[PDB]
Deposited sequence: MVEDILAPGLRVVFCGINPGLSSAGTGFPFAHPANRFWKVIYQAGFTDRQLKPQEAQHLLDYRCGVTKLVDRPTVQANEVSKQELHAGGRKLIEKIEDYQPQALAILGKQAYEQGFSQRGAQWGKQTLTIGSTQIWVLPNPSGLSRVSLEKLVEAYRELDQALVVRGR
């Protein structure tokens, strides 16, 4: 499983769903060649160039962090979503960055026991950290690149 990339004073902590898809089977988050995370954050303006999975630690230099809401074991059901939410919230309470972005609607709905959640900014918070639900970048996410960039861009803008 991939290691967290967290610290204090972060502007955003990007939270992935499952601990992997090989976008973790290299030790680097979002390493599967078909994952648009890196491209999206560059284009959304969180970074100045498209980092490479190998350069994941460099995210800190942009005051960005990466984590996942599940940590052990294809499927991925409520069982593990709520449990992960718990460990997750603790981490966010620890480093409490400006915003947490969950890369998945239904995953946030589950992991955080919310329902009928809509894309974007949530009202719920973890201490002062804001909670944002953004569409996952995976190549298996039928979301178009444009909708993706537009969604992340908004978060980036909002944090000014």
Open item on the list: Where does the structure fail to cover the deposited sequence at the C-alpha level?
Closed with: 74-77, 165-168
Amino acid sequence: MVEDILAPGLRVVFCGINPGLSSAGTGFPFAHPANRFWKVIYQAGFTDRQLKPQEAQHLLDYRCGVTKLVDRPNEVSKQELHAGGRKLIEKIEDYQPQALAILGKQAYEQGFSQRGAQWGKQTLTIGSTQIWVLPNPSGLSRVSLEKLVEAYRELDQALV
From here on, numbers count along this sequence of modelled residues.
- [ ] Between 51-59 and 35-43, point out the one with the higher average CA B-factor as the PDB entry records it.
- [x] 51-59
Open item on the list: When the Cα temperature factors in the entry are averaged, is it 140-148 or 12-20 that ends up higher?
Closed with: 12-20
Open item on the list: Per the entry's Cα B factor values, which of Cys64, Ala117, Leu69, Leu103 stands out as the maximum?
Closed with: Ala117
Task: Third of chain Cα B-factors occupied by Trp132 - done: middle
